[PDB]
Amino acid sequence: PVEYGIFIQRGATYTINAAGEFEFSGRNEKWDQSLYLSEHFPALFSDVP
Amino acid sequence: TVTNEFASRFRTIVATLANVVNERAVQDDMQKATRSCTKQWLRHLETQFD
Amino acid sequence: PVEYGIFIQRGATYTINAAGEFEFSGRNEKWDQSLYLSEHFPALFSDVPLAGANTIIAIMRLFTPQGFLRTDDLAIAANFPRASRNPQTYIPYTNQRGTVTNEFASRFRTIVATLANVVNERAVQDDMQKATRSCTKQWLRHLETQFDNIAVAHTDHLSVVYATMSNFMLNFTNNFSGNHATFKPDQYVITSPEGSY
Amino acid sequence: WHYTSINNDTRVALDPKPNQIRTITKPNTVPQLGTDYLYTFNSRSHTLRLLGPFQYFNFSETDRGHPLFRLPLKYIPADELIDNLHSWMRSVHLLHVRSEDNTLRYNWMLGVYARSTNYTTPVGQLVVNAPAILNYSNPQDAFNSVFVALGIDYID
Amino acid sequence: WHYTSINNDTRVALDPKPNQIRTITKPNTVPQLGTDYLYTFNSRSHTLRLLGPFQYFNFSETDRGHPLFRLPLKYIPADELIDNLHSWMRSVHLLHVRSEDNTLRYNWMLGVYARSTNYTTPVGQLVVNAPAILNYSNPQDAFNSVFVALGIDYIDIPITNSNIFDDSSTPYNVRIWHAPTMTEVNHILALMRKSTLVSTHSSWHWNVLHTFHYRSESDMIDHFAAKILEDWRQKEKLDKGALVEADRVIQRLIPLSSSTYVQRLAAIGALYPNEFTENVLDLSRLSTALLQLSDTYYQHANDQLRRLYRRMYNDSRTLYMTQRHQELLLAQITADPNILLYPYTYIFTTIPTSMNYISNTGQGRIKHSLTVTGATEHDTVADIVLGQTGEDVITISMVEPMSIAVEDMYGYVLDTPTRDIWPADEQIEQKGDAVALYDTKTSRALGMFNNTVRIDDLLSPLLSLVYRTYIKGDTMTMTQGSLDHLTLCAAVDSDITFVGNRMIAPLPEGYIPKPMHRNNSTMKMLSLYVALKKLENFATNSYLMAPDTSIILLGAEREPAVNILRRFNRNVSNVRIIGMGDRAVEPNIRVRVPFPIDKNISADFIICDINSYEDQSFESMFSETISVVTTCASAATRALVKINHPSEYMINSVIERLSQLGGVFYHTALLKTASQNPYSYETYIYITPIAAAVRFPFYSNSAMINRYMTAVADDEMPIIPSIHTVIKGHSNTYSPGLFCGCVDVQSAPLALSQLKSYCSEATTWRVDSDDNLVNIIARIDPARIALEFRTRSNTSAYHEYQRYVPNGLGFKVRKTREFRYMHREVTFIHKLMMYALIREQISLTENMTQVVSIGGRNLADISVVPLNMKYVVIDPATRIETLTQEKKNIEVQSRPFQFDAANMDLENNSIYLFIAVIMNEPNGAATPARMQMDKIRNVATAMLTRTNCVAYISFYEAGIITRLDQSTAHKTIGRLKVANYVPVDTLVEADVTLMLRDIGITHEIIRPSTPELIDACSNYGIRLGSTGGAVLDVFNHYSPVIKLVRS
Amino acid sequence: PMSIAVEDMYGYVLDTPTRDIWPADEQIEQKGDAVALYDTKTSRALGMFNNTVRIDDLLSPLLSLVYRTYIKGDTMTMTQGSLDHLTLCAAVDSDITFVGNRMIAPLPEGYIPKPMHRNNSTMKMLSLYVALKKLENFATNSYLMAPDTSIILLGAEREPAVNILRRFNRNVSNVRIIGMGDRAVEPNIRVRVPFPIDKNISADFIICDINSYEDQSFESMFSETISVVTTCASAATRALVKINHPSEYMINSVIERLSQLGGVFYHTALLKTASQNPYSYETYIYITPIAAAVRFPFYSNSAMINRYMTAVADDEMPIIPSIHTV
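Following this line, the structure appears as structure tokens:
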């Protein structure tokens, strides 16, 4: 833990828009795959530190 | 836990319950062999529970 | 039981902090072989005197070895392989070439002397008739008096066949055992630039 | 008139520093009580009650044995309990990590709770693996972490 | 200088003579120890350690049994070990040969080593056959023989740990090589490379080289440091020049084949960095505390220093003697050829030296005194934020508690009337004042102080201590002494029975009574009771109201102010101590005010003390207060009532009603007491059946009444002294308070060199060697802020402080409590009001050139208003240079100012301050040449827009020889002694307002009032502490600040 | 090592001036002497004696004996007698509680406090303190500074010269015993010389005793020593300072600065004490607020100052007393 506690604090999902940048949503949600084709990238694969 | 807890609490039951049994073998004072063969049974009984 | 929980209270194992005394871990772990060649020592062998249970710690300074580090020498003067900076070994006996009553065996008598005292405290709780408690305290007499006949050979013969061994070829490591409290062997991993070691 | 006060806290600013939490429990070994733990005794009565930060501390079962509590009173030597209470307080060790940052406060309350059950419960089995979960720099954030890493909704 | 020593040996000249070696072991049978073997015992500890020549002796196994070592302690009888140790020492015999030649010394060391194993080993089996091999006449030749007759190359002896009962494993083992010539040593020392971890040191004992062999690396640095320590000492005496006895010249060990820590540890020791100390240097844990100092010395090395320390680290094989240090060997090598010395040597010249780190791992929190403006130049620094301390290490309480004597508790100051008339015009005026006041209650800001500081929890520890010192010990007290009164009250719930006057009890069997129970009032009742008996008869000694008299106390909720007062007279005959109140319990009879017409209520001394009325309206309030006095004036002879709101209308109408009623006039006098809760503005009226006719009955000016008459209204009343936890460099605007916290030891010097911009006092302490945190405590003081934010030059003395890190900021265990309100002397408070009054006048007037202080300290700067205005100080004694130079806009002309009107420096916008006047010398004895000095002070004034303030001291008489509370500010005859100084004399008040009115023009005497008390006590947050509270309002009054502000 | 009585330990000898004038010709001459001396330090041969014999390990057995004779036996001492002063210092770490004036304790249950801790200085501080109280009033009997007065000790590293001095008055009312220094620990407030302009520092009796300066050059040395005296003459009434190098220039310029400054003249008198380390050539200047006008203020011949003025140079300085055996 600890890292999970501070990573989930930022959120589990982001949007790539704003013409650039990232918009992490500060909330814990699950994936489910049903929202694959929208404006939601799984935040664990972001690369941002 | 190294040695299981629940069973170690049972050991305290036997530890003091056996002490109470001695005070009857002092009033009815039976030869060592009798008072021993009962205090030996509680050893087997308790070690099974483990 | 009354003071075992005061021992296993401080820790089951410990490590040594950089330059200084020991560091007992407040955890109660079981021991395993995987830990040996790595870190941690079985704490039931350290010697820091505990103010709680002085009986569990007294039966432990009763496991102390009786030997000396006889540094081979005539193996290295002959020029043999030795994987350490300097050679070493640990024979487990002495000589008592002149001693009236052999020493090594007289140390055993102290083991029996106090180990038998511990056996009585069980024949007071389970209090068996004299005949039973006697026929066991009589066995330790025979057992110990046998050791007094082995004491002669195990000191000035089975001790020469050891002092030779540490000088042989193909034997190249230091299995030093004097002082269990602080001894770890050496790791000698064959490393490579790529791959694994 | 509108009265003035001051928002001075209590239960928060009582938890010791992490690198120093070493001392205020075990290494209390070197000195010897006397003043802190207070004890009166009306006369069948008494009231031994150790304080700050040893109050709000709950005794772990089994290790709530030990002659201290075994001595119920029956009789008390003002010399016995002063030496005897030491014998117990000596042997209390609570898992922790020594830190470097000066802006970290060790979390007592919840941390010592785990040492009570025996690290059987998950909220205490979580503190075993990574003990550094108890080093908070801001209140509330202390507990928040022990929820997100459990999926649990409330500890009691 | 080249220091002198002496080549006196030690280990050699310790071995006994052969024919006599008989005695100093076995035949020690006849005497019996006692002194030699030393044994202390801290309390699970001890340390039995027999010495000379029984030290350096190792115990043979098996025969290391025997009850002596078997007795570990478990418990020790100082009689057991003295008899028991003998029983062992008796039975030690070591093989030898009795000789005839007088030039033979027995070889102990090696000889007794053989007796250890059991003569099993050959080096011990050789001594069995021919024991005469141990009789040497010359050192070295002793060992040489035990080699040639073995073919062996080196014997190795195990050293035993210092204690006898510390039966653990040895840290290291020493080894003795066969080596005669010099070209020999070079061989063993070179072959000694490529071999684990070994050490030699400089010289040798018997002229035979012997190296050390360590067990585990970790157990090296703890020995290597134990020696580097005792060598920084041998070079302390050899640096000052003294005949040093000890031999080796340089004790510092040399690391041959070694690890990596010992390198960084070898270099740091070689170049002697420490300075003096001598504070019982901690022997245990010295290892790490030294190794910490090693690192921080490197974080300072100005290239050149760095260059060297990085070399000796990288080298670590040659000892670095310092020129004159090297010579000592050269002066002894020629003094005897053929003697071995460590061959590889390097020599210094200029070290060079820089700083010296004052370390001492002792106990105590170190207090500092940060001085403004040093050497360094500080421009734009960070903000070094500290915070979060912990409740265990730092406790902050808001008090403050004080401590005094028992005799200092009971005490009061009396006051006397002045006017004989009460004009019919100012009687309706005085009325309007009290009417207009009553509606709008006293300053709310003054209020958040009365409710806080309480004498209840102020004299709390004073009485709590005397409670415990009764449950054990104690001796005499004698009936009546203010001590018999104290213990018969403050402590104990039962009775203090007396035996033969002096014995005071003395024996309880073992039931121990419970502590008493004071209630924010009892201590005020008793303090007044003593003052009643005292006012009755000035002559001391009594406090036992004569038998068969009856004191009647009146109060809202009385007892145990009467339970205590009663059992203080329990011994002497029949006394009645009755109480009445509106919330009383038996024995005190419950009764509401204004009493039924039925009650008779008769006594001798009455202390009335009620105030339970919301009342509403001024008129209903007046009628209650006045009528309680009348129903007390008739009831007793020597009675004193208690009036609230002493407003010169209310108080002076009380005298009125009593006067015209009875025998024309009553003798009145109001008084203040200690144990009142410092500033409660409530006073006590005291009435007596006169003697003849009183001259001056009424109160004209009414200064004590006036203390109440100064609370005006609420504006921005809140203050609430807070905390902070953050430092900004040369950045003004910090609301009063204090900041605690904690910082890293690596930046602790940076913190200190910034707090100087905010205060003066600052404590610091580390908790334990390793934790590397040093919590700071700093008080914000405005008396400093005015001398810092003057201009811009930050400067400071950063360099100096930094020479403390690591250890040098003190070590402290346990908890420590710092209060929110400190404590100060009553005089120190009075001056803070002279300035709070004066800071008002200066910052209001149009144009000023400067504010010029004539006489006094560099202090008094505060109320330089503004910070910017030219500040001149004309005094003979003062430190100059840097502060005036550091353009903090100051200058000090050290001519003793001559105020003889002959030639005075003046001319326009000149603001002069005279808080001196007390002679140029501490004397102040010139009292008639003072009214002449003040006469020639104002005289010669034609310098237009100029102003000056002057101070006094007057009254005397009725404020001393009636006071009977000589706490701090007491007076002798007519002289006023305050704090230090010498008795200062008063100058007739009327004469000042009689003359000068024809000479000068303007003369307004303003006294500092309650607004100044609150304001100045709000910024510095310095609470009084009884005693000085009662004595204050009297003293503060008669020091009028005369301000001659004319043209 | 030597042995005497307790009353033989505390003691001093006073000295008094002689000349009333300081001629303008021998003032530049007296200067040259102290300037020419300062550079070349005192005889190195004299040096191997000051460093050796120490009153620290000279009065060692005197106090060690009275320590043990307290752990067992003992009877009376009475508050104030130089014995009550001795035992409340030299021996014992705790407090010597008094019962009925004479009983001095008398019963410990069996915990035995540790011995005290003198440091080659404390014994010099106490010896001087007694002499201050004594110089104040020749008439014997007191050593308990009257209640509510405050002595302020100044030193490089003070305590337990103040820890001891304090708990000697623990019995009598409210006394303040404050210390300042350049290496001090709580209660003693740390502060470097020549002090910030902020400090007020007020007292009745001041014993100044600092010397922590390598300094370098004669001029910087002069300015430090003189200014410490001035920041002590104003601070107290009956204060005595401590000057190093009493050379008849340095010492006689101190009288000068003080005289012309204040009320024309000050009554001065330098003194030597026991417990100084036999021959340390350091003396103590004692200043007081006169009575009228002093007749002979300056030092003409200056014999005591001269004891320092005789160390010349190093020739064949070594001696080192050896042994022989033939």
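Chains as they are written, first to last, in the authors' numbering: chain C, 545 to 593; chain B, 643 to 692; chain B', 545 to 741; chain A, 2 to 44, 47 to 78, 83 to 163; chain A', 2 to 44, 47 to 78, 83 to 980, 985 to 1058; chain A'', 408 to 733. A prime marks a further copy of an entry chain.
Note that CB positions come from ideal geometry on N, CA and C, so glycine has one too.
I'd like to confirm the pairing. Which residues does DSSP put opposite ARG182/A' in its beta bridges?
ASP163/A', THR218/A'
Using a Cβ cut-off of 9 Å, pull out every chain A' residue sitting near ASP591/B', in sequence order please.
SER175, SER176
Got a sec: is the Cβ-Cβ distance from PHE602/A'' to anything in chain A' below 8 Å?
yes
Any Cβ of chain A within less than 8 Å of the Cβ of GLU647/B?
With 8 Å as the cut-off, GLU647/B counts as an interface residue toward chain A.
Three-state secondary structure (DSSP) at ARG702/A'?
coil
Outcome for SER709/A'' when other beta-carbon atoms lying within 10 angstroms are tallied against a minimum of 16
Under a 10 Å Cβ-count criterion, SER709/A'' is classified as buried, with 16 or more other Cβ atoms of the shown protein chains found around its own Cβ.
Taking the straight line between their C-alpha atoms, what separation do you get for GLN330/A' and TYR620/A''?
24 Å
Closer than 8 Å, CB to CB, is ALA149/A near chain A' or not?
No, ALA149/A does not count as interfacial toward chain A'.
Buried/exposed call for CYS679/B', threshold 16 Cβ in 10 Å
exposed
Is the shortest distance between the beta-carbon of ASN61/A and the beta-carbons of chain B less than 8 Å?
no
Under 8 Å between C-beta atoms of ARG122/A and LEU101/A
yes
I need the boundaries of the beta strand (DSSP E) containing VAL644/B', first residue and last residue.
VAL644/B' -> no beta strand (DSSP E), and no H or E assigned at all.
Against chain A'', with Cβ distances strictly below 8 Å, would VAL287/A' count as a contact?
yes
Only counting the same chain, and skipping five residues up and downstream in sequence, which positions put a Cβ closer than 7 Å to that of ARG577/A'?
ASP502
If distances are taken between C-alpha atoms only, which option among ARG597/A'', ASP481/A'', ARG475/A'' comes closest to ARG509/A''?
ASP481/A''
Out of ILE391/A', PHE906/A', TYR518/A', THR368/A', state which residue places its alpha-carbon closest to the alpha-carbon of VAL287/A'.
When C-alpha distances from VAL287/A' are compared across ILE391/A', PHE906/A', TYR518/A', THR368/A', the shortest belongs to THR368/A'.
Smallest Cα separation from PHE72/A: which of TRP95/A, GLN58/A, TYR59/A?
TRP95/A
Since residue 80/A' contacts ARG797/A' with CB under 8 Å, what's their CB separation in whole angstroms?
Because chain A' is numbered from 78 directly to 83, the model contains no atoms for residue 80/A'.
Any beta carbon of chain A'' sitting closer than 8 Å to that of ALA1027/A'?
no
For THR486/A'' versus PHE505/A'', is the C-beta distance shorter than 8 Å?
Result yes, Cβ atoms of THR486/A'' and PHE505/A'' sit closer than 8 Å.
CB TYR706/A'' to CB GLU655/A'', shorter than 8 Å?
yes
Are the CB atoms of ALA610/A'' and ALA640/A'' nearer to each other than 8 Å?
The answer is no: Cβ separation not under 8 Å.
So, does the CB of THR65/A fall closer than 8 Å to a CB anywhere in chain B'?
yes
Tell me, please, which residues DSSP counts as bridged to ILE614/A'.
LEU560/A', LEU647/A'
Sort out for me which residues DSSP pairs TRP575/B' with in a bridge.
Answer is none; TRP575/B' lacks a bridge partner.
Going along the region 856 to 872 of chain A' in order, which residues come within less than 8 Å of chain A'', judged by CB to CB distance?
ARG864, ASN865, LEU866
Buried versus exposed call for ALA695/B' [16 or more other C-beta atoms within 10 Å across all chains shown]:
buried
Leaving out five residues before and five after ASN193/A' in sequence, what residues of the same chain have Cβ atoms less than 7 Å from its Cβ?
Within the same chain, and ignoring the five residues on either side of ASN193/A' in sequence, the residues whose Cβ sits closer than 7 Å to its Cβ are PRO350.
If you drop the 5 nearest sequence neighbours on each side, which residues of the same chain put their C-beta closer than 8 Å to that of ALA965/A'?
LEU421, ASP422, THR423.
Candidates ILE478/A', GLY507/A', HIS492/A', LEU551/A', of which the one nearest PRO522/A' by Cα
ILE478/A'
Simplified DSSP state of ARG67/A', which is helix, strand or coil:
coil
Relative to chain A, which residues along the region 548 to 562 of chain B' have a C-beta separation below 7 Å, given in chain order?
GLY549, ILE550, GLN553, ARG554
State yes or no: is the beta carbon of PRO545/C nearer than 8 Å to at least one beta carbon in chain A?
True, the Cβ-Cβ gap to chain A drops below 8 Å.
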